[PDB]
file protein-v4.txt (compact mmCIF, C-alpha atoms and all ligand atoms)
# COMPACT_ATOMS: atom_id res chain seq x y z
CA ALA A 1 75.84 110.97 144.46
CA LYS A 2 77.34 111.32 140.91
CA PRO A 3 81.20 110.89 140.42
CA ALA A 4 82.79 113.94 138.88
CA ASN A 5 86.09 115.63 138.14
CA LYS A 6 86.84 118.97 139.70
CA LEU A 7 89.11 120.99 137.45
CA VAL A 8 91.07 123.82 139.08
CA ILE A 9 92.71 126.57 137.10
CA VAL A 10 94.80 129.18 138.93
CA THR A 11 95.97 131.93 136.59
CA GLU A 12 96.35 135.64 136.00
CA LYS A 13 93.26 137.76 136.66
CA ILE A 14 93.30 139.41 133.20
CA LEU A 15 92.37 136.03 131.64
CA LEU A 16 89.02 135.81 133.53
CA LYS A 17 86.67 136.40 130.60
CA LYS A 18 88.80 134.37 128.08
CA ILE A 19 88.87 131.32 130.36
CA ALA A 20 85.14 131.61 131.19
CA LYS A 21 84.44 131.53 127.49
CA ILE A 22 86.53 128.34 127.10
CA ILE A 23 84.67 126.78 130.02
CA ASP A 24 81.28 127.64 128.48
CA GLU A 25 82.31 126.43 125.03
CA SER A 26 83.36 123.05 126.52
CA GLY A 27 79.82 122.28 127.57
CA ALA A 28 80.54 122.60 131.27
CA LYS A 29 77.38 123.45 133.12
CA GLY A 30 78.92 126.03 135.40
CA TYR A 31 82.02 127.20 137.22
CA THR A 32 83.01 128.92 140.43
CA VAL A 33 85.72 131.64 140.36
CA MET A 34 87.46 133.60 143.13
CA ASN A 35 90.23 136.15 143.60
CA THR A 36 93.33 134.68 145.17
CA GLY A 37 96.98 135.41 145.72
CA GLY A 38 99.98 133.19 145.31
CA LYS A 39 103.55 132.49 144.26
CA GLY A 40 104.87 129.90 141.79
CA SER A 41 108.00 129.08 139.76
CA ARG A 42 104.74 137.68 134.16
CA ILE A 43 102.18 137.77 146.69
CA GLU A 44 100.67 138.32 143.15
CA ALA A 45 96.82 138.69 142.59
CA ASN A 46 95.38 135.72 140.67
CA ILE A 47 92.10 134.00 139.98
CA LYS A 48 91.07 130.41 140.75
CA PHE A 49 88.41 128.64 138.72
CA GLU A 50 86.70 125.43 139.95
CA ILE A 51 84.75 123.53 137.31
CA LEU A 52 82.91 120.28 138.07
CA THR A 53 82.65 118.41 134.82
CA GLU A 54 80.51 115.72 133.38
CA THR A 55 83.40 113.65 132.24
CA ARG A 56 87.16 113.57 132.38
CA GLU A 57 87.28 114.43 128.66
CA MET A 58 85.45 117.69 129.31
CA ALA A 59 87.93 118.66 132.02
CA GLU A 60 90.90 117.78 129.76
CA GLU A 61 89.40 119.87 126.93
CA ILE A 62 89.21 122.93 129.17
CA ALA A 63 92.68 122.32 130.55
CA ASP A 64 94.27 121.75 127.16
CA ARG A 65 92.63 124.77 125.57
CA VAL A 66 93.70 127.05 128.41
CA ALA A 67 97.27 125.80 128.78
CA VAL A 68 98.04 125.56 125.12
CA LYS A 69 96.73 129.00 124.29
CA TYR A 70 97.94 130.91 127.39
CA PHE A 71 100.57 129.15 129.50
CA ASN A 72 103.53 130.18 127.43
CA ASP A 73 102.77 133.81 128.03
CA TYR A 74 100.81 133.77 131.30
CA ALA A 75 101.40 132.27 134.74
CA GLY A 76 99.15 129.40 135.88
CA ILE A 77 98.62 125.89 137.14
CA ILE A 78 95.87 123.37 136.31
CA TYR A 79 94.96 120.36 138.36
CA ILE A 80 92.15 117.97 138.91
CA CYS A 81 90.54 116.49 142.13
CA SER A 82 87.85 113.81 142.50
CA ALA A 83 84.44 115.03 143.69
CA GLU A 84 81.04 113.43 144.11
CA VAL A 85 78.06 115.71 143.34
CA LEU A 86 75.33 115.37 145.84
CA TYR A 87 72.86 118.15 144.85
CA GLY A 88 72.62 120.58 141.99
CA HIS A 89 70.43 122.24 139.35
CA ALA B 1 99.01 114.20 134.55
CA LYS B 2 101.29 113.85 137.62
CA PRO B 3 99.91 112.68 141.04
CA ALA B 4 100.33 115.26 143.84
CA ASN B 5 99.32 116.03 147.43
CA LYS B 6 97.33 119.15 147.94
CA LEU B 7 98.05 120.51 151.41
CA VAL B 8 95.47 122.91 152.82
CA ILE B 9 96.16 125.20 155.74
CA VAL B 10 93.39 127.36 157.10
CA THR B 11 94.53 129.78 159.78
CA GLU B 12 94.50 133.30 161.06
CA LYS B 13 95.08 136.04 158.43
CA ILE B 14 97.88 137.59 160.45
CA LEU B 15 99.99 134.48 159.85
CA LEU B 16 100.13 135.00 156.05
CA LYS B 17 103.88 135.82 155.84
CA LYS B 18 104.89 133.37 158.62
CA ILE B 19 103.26 130.39 156.78
CA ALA B 20 104.56 131.56 153.40
CA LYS B 21 108.09 131.56 154.86
CA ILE B 22 107.65 127.88 155.98
CA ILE B 23 106.21 126.91 152.58
CA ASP B 24 109.13 128.58 150.77
CA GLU B 25 111.69 126.98 153.04
CA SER B 26 110.20 123.45 152.48
CA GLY B 27 111.15 123.40 148.83
CA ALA B 28 107.54 123.65 147.65
CA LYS B 29 107.42 125.35 144.31
CA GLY B 30 104.44 127.55 144.93
CA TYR B 31 101.23 128.18 146.85
CA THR B 32 97.80 129.72 146.41
CA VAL B 33 96.22 131.77 149.20
CA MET B 34 92.91 133.40 149.77
CA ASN B 35 90.98 135.32 152.41
CA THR B 36 88.14 133.37 154.12
CA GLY B 37 85.83 133.37 157.08
CA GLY B 38 84.94 130.30 159.20
CA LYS B 39 84.30 128.96 162.69
CA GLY B 40 85.93 126.04 164.54
CA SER B 41 86.56 125.17 168.18
CA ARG B 42 85.64 128.87 168.90
CA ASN B 43 88.30 129.00 171.56
CA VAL B 44 89.45 132.59 172.28
CA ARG B 45 92.11 133.79 169.73
CA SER B 46 94.65 136.16 171.48
CA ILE B 47 86.28 136.81 153.72
CA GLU B 48 86.83 137.97 157.40
CA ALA B 49 89.62 136.61 159.73
CA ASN B 50 91.18 133.65 158.09
CA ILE B 51 93.37 132.66 155.21
CA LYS B 52 93.38 129.39 153.32
CA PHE B 53 96.60 128.20 151.70
CA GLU B 54 96.68 125.48 149.02
CA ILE B 55 100.10 123.95 148.35
CA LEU B 56 100.62 121.28 145.71
CA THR B 57 103.67 119.33 146.79
CA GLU B 58 106.27 117.16 145.22
CA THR B 59 105.81 114.39 147.72
CA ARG B 60 103.75 113.45 150.76
CA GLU B 61 106.83 114.02 152.98
CA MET B 62 107.11 117.62 151.86
CA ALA B 63 103.45 118.17 152.70
CA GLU B 64 103.89 116.65 156.13
CA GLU B 65 106.99 118.72 156.75
CA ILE B 66 105.13 121.96 156.06
CA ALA B 67 102.23 120.79 158.20
CA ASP B 68 104.38 119.65 161.11
CA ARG B 69 106.33 122.97 161.15
CA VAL B 70 103.23 125.11 161.03
CA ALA B 71 101.51 123.16 163.80
CA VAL B 72 104.51 123.11 166.12
CA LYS B 73 105.38 126.80 165.59
CA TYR B 74 101.91 128.32 165.72
CA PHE B 75 99.00 126.11 166.66
CA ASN B 76 99.41 126.53 170.36
CA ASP B 77 98.82 130.26 170.03
CA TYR B 78 96.75 130.57 166.83
CA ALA B 79 93.65 129.02 165.32
CA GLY B 80 93.93 126.64 162.38
CA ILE B 81 93.41 123.33 160.66
CA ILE B 82 95.58 121.41 158.23
CA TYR B 83 94.45 118.70 155.83
CA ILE B 84 95.51 117.01 152.67
CA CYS B 85 93.61 116.09 149.44
CA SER B 86 94.84 114.09 146.43
CA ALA B 87 95.22 115.98 143.15
CA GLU B 88 96.56 115.35 139.71
CA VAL B 89 98.59 118.13 138.08
CA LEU B 90 97.83 118.63 134.45
CA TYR B 91 99.74 121.80 133.49
CA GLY B 92 102.15 124.03 135.29
CA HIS B 93 105.37 126.09 135.24
CA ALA C 1 96.23 111.67 159.72
CA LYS C 2 92.46 111.02 160.19
CA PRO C 3 90.29 110.26 157.05
CA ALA C 4 87.50 112.72 156.58
CA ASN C 5 84.83 113.96 154.14
CA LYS C 6 85.04 117.47 152.90
CA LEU C 7 81.59 118.77 152.09
CA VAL C 8 81.41 121.80 149.77
CA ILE C 9 78.32 123.97 149.42
CA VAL C 10 78.38 126.80 146.87
CA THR C 11 75.23 128.96 147.22
CA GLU C 12 73.82 132.44 147.54
CA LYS C 13 75.43 134.87 149.95
CA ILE C 14 72.15 135.65 151.69
CA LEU C 15 72.00 132.10 153.03
CA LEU C 16 75.31 132.46 155.02
CA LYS C 17 73.80 132.48 158.59
CA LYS C 18 71.09 129.95 157.73
CA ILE C 19 73.55 127.37 156.43
CA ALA C 20 75.96 128.00 159.25
CA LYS C 21 73.10 127.14 161.63
CA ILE C 22 72.50 123.84 159.85
CA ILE C 23 76.21 123.03 159.95
CA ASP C 24 76.37 123.82 163.67
CA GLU C 25 73.26 121.70 164.37
CA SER C 26 74.73 118.67 162.58
CA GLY C 27 77.54 118.26 165.09
CA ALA C 28 80.22 119.43 162.65
CA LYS C 29 83.04 120.98 164.57
CA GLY C 30 83.67 123.86 162.20
CA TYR C 31 83.43 125.26 158.70
CA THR C 32 85.28 127.52 156.32
CA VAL C 33 83.42 130.01 154.18
CA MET C 34 84.47 132.43 151.46
CA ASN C 35 83.09 134.86 148.89
CA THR C 36 83.25 133.70 145.31
CA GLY C 37 81.70 134.35 141.96
CA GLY C 38 80.24 131.85 139.50
CA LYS C 39 77.54 130.80 137.20
CA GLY C 40 75.56 127.59 136.74
CA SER C 41 72.11 126.71 135.30
CA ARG C 42 70.83 130.35 135.85
CA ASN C 43 67.62 128.68 137.11
CA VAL C 44 66.80 131.38 139.72
CA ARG C 45 69.31 134.23 139.11
CA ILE C 46 79.08 135.98 136.98
CA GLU C 47 76.99 136.24 140.20
CA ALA C 48 78.36 136.68 143.86
CA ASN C 49 78.15 133.52 145.93
CA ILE C 50 79.58 131.91 148.99
CA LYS C 51 81.41 128.61 149.30
CA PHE C 52 81.42 126.57 152.45
CA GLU C 53 83.90 123.83 153.15
CA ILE C 54 83.02 121.51 156.04
CA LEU C 55 85.27 118.71 157.23
CA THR C 56 83.03 116.08 158.85
CA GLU C 57 83.92 113.07 161.03
CA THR C 58 81.61 110.79 159.11
CA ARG C 59 79.95 110.51 155.72
CA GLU C 60 76.53 110.45 157.45
CA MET C 61 77.14 113.85 159.01
CA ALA C 62 78.08 115.31 155.61
CA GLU C 63 74.97 113.82 154.06
CA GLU C 64 72.73 115.20 156.87
CA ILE C 65 74.07 118.75 156.23
CA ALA C 66 73.71 118.33 152.47
CA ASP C 67 70.18 116.89 152.67
CA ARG C 68 68.94 119.64 155.05
CA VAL C 69 70.45 122.43 152.95
CA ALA C 70 69.23 121.10 149.64
CA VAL C 71 65.72 120.38 150.84
CA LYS C 72 65.38 123.67 152.74
CA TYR C 73 66.83 125.97 150.10
CA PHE C 74 67.64 124.49 146.68
CA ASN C 75 64.23 124.62 145.17
CA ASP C 76 64.24 128.39 145.80
CA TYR C 77 67.89 129.40 145.77
CA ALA C 78 70.91 128.63 143.59
CA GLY C 79 73.46 126.09 144.76
CA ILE C 80 75.50 122.96 144.33
CA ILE C 81 76.79 120.50 146.88
CA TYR C 82 79.60 118.03 146.45
CA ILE C 83 81.98 116.01 148.55
CA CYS C 84 85.80 115.32 148.34
CA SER C 85 88.00 113.00 150.44
CA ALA C 86 90.44 114.65 152.82
CA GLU C 87 92.84 113.57 155.51
CA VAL C 88 93.08 115.81 158.57
CA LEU C 89 96.61 116.31 159.80
CA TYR C 90 96.22 118.90 162.55
CA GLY C 91 93.32 120.68 164.20
CA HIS C 92 91.79 122.28 167.32
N1 LIG D 101 102.92 124.20 143.80
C1 LIG D 101 101.82 124.99 143.86
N2 LIG D 101 100.88 124.86 144.78
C2 LIG D 101 99.78 125.69 144.68
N3 LIG D 101 99.60 126.77 143.82
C3 LIG D 101 100.60 126.94 142.95
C4 LIG D 101 101.71 126.07 142.89
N4 LIG D 101 102.48 126.50 141.87
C5 LIG D 101 101.92 127.54 141.37
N5 LIG D 101 100.78 127.82 142.03
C6 LIG D 101 99.72 128.81 141.74
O1 LIG D 101 99.77 129.22 140.36
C7 LIG D 101 100.04 130.62 140.26
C8 LIG D 101 100.90 130.80 139.00
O2 LIG D 101 102.12 130.02 139.24
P1 LIG D 101 103.38 130.17 138.15
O3 LIG D 101 102.72 130.11 136.81
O4 LIG D 101 104.45 129.17 138.47
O5 LIG D 101 103.85 131.74 138.31
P2 LIG D 101 103.98 132.97 139.48
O6 LIG D 101 105.22 132.61 140.30
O7 LIG D 101 104.22 134.11 138.51
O8 LIG D 101 102.65 133.24 140.26
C9 LIG D 101 100.78 130.88 141.57
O9 LIG D 101 100.86 132.30 141.81
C10 LIG D 101 99.94 130.06 142.56
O10 LIG D 101 98.76 130.78 142.88
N1 LIG D 102 85.64 120.92 160.56
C1 LIG D 102 86.06 122.01 159.85
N2 LIG D 102 85.76 122.09 158.55
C2 LIG D 102 86.20 123.14 157.86
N3 LIG D 102 86.90 124.19 158.31
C3 LIG D 102 87.22 124.15 159.61
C4 LIG D 102 86.84 123.05 160.45
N4 LIG D 102 87.37 123.30 161.72
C5 LIG D 102 87.95 124.48 161.62
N5 LIG D 102 87.91 124.97 160.34
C6 LIG D 102 88.55 126.18 159.86
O1 LIG D 102 89.76 126.47 160.69
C7 LIG D 102 89.59 127.72 161.27
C8 LIG D 102 90.25 127.65 162.67
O2 LIG D 102 89.50 126.72 163.44
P1 LIG D 102 89.94 126.68 165.07
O3 LIG D 102 91.42 126.50 165.22
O4 LIG D 102 89.20 125.45 165.45
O5 LIG D 102 89.39 128.07 165.75
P2 LIG D 102 88.22 129.23 165.50
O6 LIG D 102 86.91 128.62 166.07
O7 LIG D 102 88.81 130.43 166.19
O8 LIG D 102 88.10 129.74 164.04
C9 LIG D 102 88.06 127.87 161.33
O9 LIG D 102 87.74 129.26 161.45
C10 LIG D 102 87.59 127.29 160.00
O10 LIG D 102 87.84 128.24 158.97
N1 LIG D 103 79.59 122.65 137.14
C1 LIG D 103 80.04 123.50 138.07
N2 LIG D 103 81.29 123.64 138.47
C2 LIG D 103 81.60 124.52 139.49
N3 LIG D 103 80.76 125.35 140.09
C3 LIG D 103 79.48 125.21 139.76
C4 LIG D 103 79.03 124.28 138.76
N4 LIG D 103 77.67 124.43 138.59
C5 LIG D 103 77.30 125.36 139.54
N5 LIG D 103 78.39 125.83 140.20
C6 LIG D 103 78.49 126.85 141.28
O1 LIG D 103 77.21 126.89 141.94
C7 LIG D 103 76.68 128.23 141.83
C8 LIG D 103 75.17 128.04 141.77
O2 LIG D 103 74.81 127.26 140.61
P1 LIG D 103 73.27 127.23 140.04
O3 LIG D 103 72.40 126.76 141.14
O4 LIG D 103 73.21 126.39 138.81
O5 LIG D 103 72.89 128.78 139.82
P2 LIG D 103 73.49 130.19 139.17
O6 LIG D 103 73.59 129.79 137.69
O7 LIG D 103 72.41 131.20 139.49
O8 LIG D 103 74.87 130.61 139.75
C9 LIG D 103 77.26 128.71 140.53
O9 LIG D 103 77.18 130.12 140.54
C10 LIG D 103 78.69 128.19 140.66
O10 LIG D 103 79.42 128.99 141.59
call {"tool": "encode", "arguments": {"input": "protein-v4.txt", "output": "structure tokens"}}
result
Amino acid sequence: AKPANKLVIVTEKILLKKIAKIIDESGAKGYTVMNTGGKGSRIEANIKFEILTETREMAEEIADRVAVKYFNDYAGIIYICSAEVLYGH
Amino acid sequence: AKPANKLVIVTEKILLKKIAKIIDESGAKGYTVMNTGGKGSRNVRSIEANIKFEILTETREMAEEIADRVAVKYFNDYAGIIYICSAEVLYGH
Amino acid sequence: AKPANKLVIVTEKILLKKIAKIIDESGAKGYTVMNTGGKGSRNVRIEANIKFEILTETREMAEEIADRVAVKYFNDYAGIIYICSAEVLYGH
């Protein structure tokens, strides 16, 4: 097993490509994304990204870049969970 | 960051509005939901047939309140599971 | 509450039934599965994927599922497997 951070970003669907680019530019080795619905504080259609990162710093870089650039104008939440990677490429 | 409980409810898709109502009434500030498939006990019920809710709560007690209400109201008649994970909130409205 | 391991497998959609069989054979009482997209190493393929979530009684059960899936399929198919802590509150 390898300890890891799992970064979750739930945000508006229109940001899909812009957030993917941020994720890639961070050095993250991959991400999972899915359509979801929800309600918060622009059911509404949303997207959820899950990104298992190398380090906490990598997760924080993604989170900061997304939130700073987009969260004043777009709905979203960002949170992190602990995960242990068992198998991967 | 702020520590939080992430409450997960996986249940029948037809309960979407009924569980949302309980979440809203609990004081929780939001939820995420998605369509899923799955198998469990495989007892007769009265993507595919399920929904999965994710609710980041204020407190553990709020999470438990949602869970307790859902289970008492619906889990005798409907499929489902409820669990909680730890999360840290980084950014939010 | 009952402590538990939540095993996550994200892999190719074609493997749905095959992985469900492994999960069932492990003694796991259930699983959740959903359609997702993603990208990774691009070793053998955004692509459409499936994500399983399996709450197991024990760590050993989680590991048995993970080991069987990875050995059987992950040389030849895309995927990742990871585990999170969970506490089960209610269930059938
Ligand atoms: N407390 C929460 N628990 C889980 N998901 C949440 C929570 N708060 C917000 N969300 C998710 O983030 C999305 C965006 O929330 P927010 O930015 O507050 O705006 P909105 O109410 O416009 O959806 C929600 O639709 C939901 O999917
Ligand atoms: N151990 C488990 N791990 C992950 N998901 C589970 C587990 N048990 C049940 N689930 C999820 O909860 C849903 C409801 O399970 P249950 O109430 O046992 O009845 P059913 O067999 O009709 O689906 C399952 O379809 C699955 O999505
Ligand atoms: N670091 C990561 N964070 C989240 N999801 C990941 C990560 N790396 C891989 N994944 C998920 O696993 C799937 C399979 O990954 P991989 O085997 O590297 O192949 P592919 O690049 O063909 O998708 C990815 O599509 C993605 O959904």
call {"tool": "residues_around", "arguments": {"input": "protein-v4.txt", "residues": "residue 66 (chain A)", "least_positions_apart": "4", "cutoff": "10 Å", "atoms": "only C-alpha atoms", "output": "number ranges by chain"}}
result
A: 9, 11, 15, 18-19, 22-23, 60-62, 70-71, 76, 78; B: 91
call {"tool": "residues_around", "arguments": {"input": "protein-v4.txt", "residues": "residue 47 (chain A)", "least_positions_apart": "5", "cutoff": "10 Å", "atoms": "only C-alpha atoms", "output": "list in words"}}
result
residues 9, 10, 11, 12, 13, 14, 15, 16, 33, 34, 35, 36, 37, 38 and 76 of chain A; 32 and 34 of chain B
call {"tool": "residues_near_ligand", "arguments": {"input": "protein-v4.txt", "ligand": "ligand LIG 101 (chain D)", "cutoff": "10 Å", "atoms": "all atoms listed in the file", "output": "ChimeraX atom specification"}}
result
/A:9-12,36-48,71-79 /B:4-8,23,27-34,53-58,89,91-93
call {"tool": "residues_around", "arguments": {"input": "protein-v4.txt", "residues": "region 3-5 of chain C", "least_positions_apart": "3", "cutoff": "9 Å", "atoms": "only C-alpha atoms", "output": "JSON, numbers by chain"}}
result
{"C": [54, 55, 56, 57, 58, 59, 62, 83, 84, 85, 86, 87, 88]}
call {"tool": "write_last_selection", "arguments": {"input": "protein-v4.txt", "atoms": "C-alpha atoms", "output": "PDB file, in the coordinates of the input"}}
result
ATOM      1  CA  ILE C  54      83.020 121.510 156.040  1.00  0.00           C
ATOM      2  CA  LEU C  55      85.270 118.710 157.230  1.00  0.00           C
ATOM      3  CA  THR C  56      83.030 116.080 158.850  1.00  0.00           C
ATOM      4  CA  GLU C  57      83.920 113.070 161.030  1.00  0.00           C
ATOM      5  CA  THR C  58      81.610 110.790 159.110  1.00  0.00           C
ATOM      6  CA  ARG C  59      79.950 110.510 155.720  1.00  0.00           C
ATOM      7  CA  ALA C  62      78.080 115.310 155.610  1.00  0.00           C
ATOM      8  CA  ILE C  83      81.980 116.010 148.550  1.00  0.00           C
ATOM      9  CA  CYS C  84      85.800 115.320 148.340  1.00  0.00           C
ATOM     10  CA  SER C  85      88.000 113.000 150.440  1.00  0.00           C
ATOM     11  CA  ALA C  86      90.440 114.650 152.820  1.00  0.00           C
ATOM     12  CA  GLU C  87      92.840 113.570 155.510  1.00  0.00           C
ATOM     13  CA  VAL C  88      93.080 115.810 158.570  1.00  0.00           C
TER      14      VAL C  88
END
call {"tool": "closest_residue", "arguments": {"input": "protein-v4.txt", "among": "C:1, C:7, C:66, C:14", "to": "chain B", "atoms": "all atoms listed in the file"}}
result
C:1
call {"tool": "residues_near_ligand", "arguments": {"input": "protein-v4.txt", "ligand": "ligand LIG 103 (chain D)", "cutoff": "10 Å", "atoms": "only C-alpha atoms and all ligand atoms", "output": "PyMOL selection string"}}
result
(chain A and resi 4-8+23+27-34+49-54+85+87-89) or (chain C and resi 9-12+36-51+74-82)
call {"tool": "write_last_selection", "arguments": {"input": "protein-v4.txt", "atoms": "C-alpha atoms", "output": "compact mmCIF listing (two decimals), in the frame of the given file"}}
result
# COMPACT_ATOMS: atom_id res chain seq x y z
CA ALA A 4 82.79 113.94 138.88
CA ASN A 5 86.09 115.63 138.14
CA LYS A 6 86.84 118.97 139.70
CA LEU A 7 89.11 120.99 137.45
CA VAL A 8 91.07 123.82 139.08
CA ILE A 23 84.67 126.78 130.02
CA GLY A 27 79.82 122.28 127.57
CA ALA A 28 80.54 122.60 131.27
CA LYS A 29 77.38 123.45 133.12
CA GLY A 30 78.92 126.03 135.40
CA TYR A 31 82.02 127.20 137.22
CA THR A 32 83.01 128.92 140.43
CA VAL A 33 85.72 131.64 140.36
CA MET A 34 87.46 133.60 143.13
CA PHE A 49 88.41 128.64 138.72
CA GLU A 50 86.70 125.43 139.95
CA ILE A 51 84.75 123.53 137.31
CA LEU A 52 82.91 120.28 138.07
CA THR A 53 82.65 118.41 134.82
CA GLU A 54 80.51 115.72 133.38
CA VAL A 85 78.06 115.71 143.34
CA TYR A 87 72.86 118.15 144.85
CA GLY A 88 72.62 120.58 141.99
CA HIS A 89 70.43 122.24 139.35
CA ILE C 9 78.32 123.97 149.42
CA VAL C 10 78.38 126.80 146.87
CA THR C 11 75.23 128.96 147.22
CA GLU C 12 73.82 132.44 147.54
CA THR C 36 83.25 133.70 145.31
CA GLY C 37 81.70 134.35 141.96
CA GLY C 38 80.24 131.85 139.50
CA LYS C 39 77.54 130.80 137.20
CA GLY C 40 75.56 127.59 136.74
CA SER C 41 72.11 126.71 135.30
CA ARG C 42 70.83 130.35 135.85
CA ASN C 43 67.62 128.68 137.11
CA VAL C 44 66.80 131.38 139.72
CA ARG C 45 69.31 134.23 139.11
CA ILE C 46 79.08 135.98 136.98
CA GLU C 47 76.99 136.24 140.20
CA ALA C 48 78.36 136.68 143.86
CA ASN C 49 78.15 133.52 145.93
CA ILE C 50 79.58 131.91 148.99
CA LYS C 51 81.41 128.61 149.30
CA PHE C 74 67.64 124.49 146.68
CA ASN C 75 64.23 124.62 145.17
CA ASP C 76 64.24 128.39 145.80
CA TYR C 77 67.89 129.40 145.77
CA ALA C 78 70.91 128.63 143.59
CA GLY C 79 73.46 126.09 144.76
CA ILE C 80 75.50 122.96 144.33
CA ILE C 81 76.79 120.50 146.88
CA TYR C 82 79.60 118.03 146.45
call {"tool": "axis_aligned_box", "arguments": {"input": "protein-v4.txt", "around": "ligand LIG 102 (chain D)", "padding_each_side": "4 Å", "output": "JSON"}}
result
{"center_x": 88.5, "center_y": 125.7, "center_z": 162.0, "size_x": 13.8, "size_y": 17.5, "size_z": 16.3}
call {"tool": "residues_near_ligand", "arguments": {"input": "protein-v4.txt", "ligand": "ligand LIG 102 (chain D)", "cutoff": "10 Å", "atoms": "all atoms listed in the file", "output": "NGL selection string"}}
result
(:B and (9-12 or 36-46 or 48-52 or 75-83)) or (:C and (4-8 or 23 or 27-34 or 52-57 or 88 or 90-92))
call {"tool": "residues_around", "arguments": {"input": "protein-v4.txt", "residues": "residue 18 (chain B)", "least_positions_apart": "3", "cutoff": "12 Å", "atoms": "all atoms listed in the file", "output": "PyMOL selection string"}}
result
chain B and resi 11-15+21-25+53+66+69-71+73-74+78
call {"tool": "closest_residue", "arguments": {"input": "protein-v4.txt", "among": "C:73, C:89, C:22, C:15", "to": "residue 61 (chain C)", "atoms": "all atoms listed in the file"}}
result
C:22
call {"tool": "atom_distance", "arguments": {"input": "protein-v4.txt", "atom1": "CA of residue 1 (chain B)", "atom2": "CA of residue 69 (chain A)"}}
result
18.2 Å
call {"tool": "atom_distance", "arguments": {"input": "protein-v4.txt", "atom1": "CA of residue 3 (chain A)", "atom2": "CA of residue 64 (chain B)"}}
result
28.2 Å
call {"tool": "atom_distance", "arguments": {"input": "protein-v4.txt", "atom1": "CA of residue 26 (chain C)", "atom2": "CA of residue 63 (chain C)"}}
result
9.8 Å
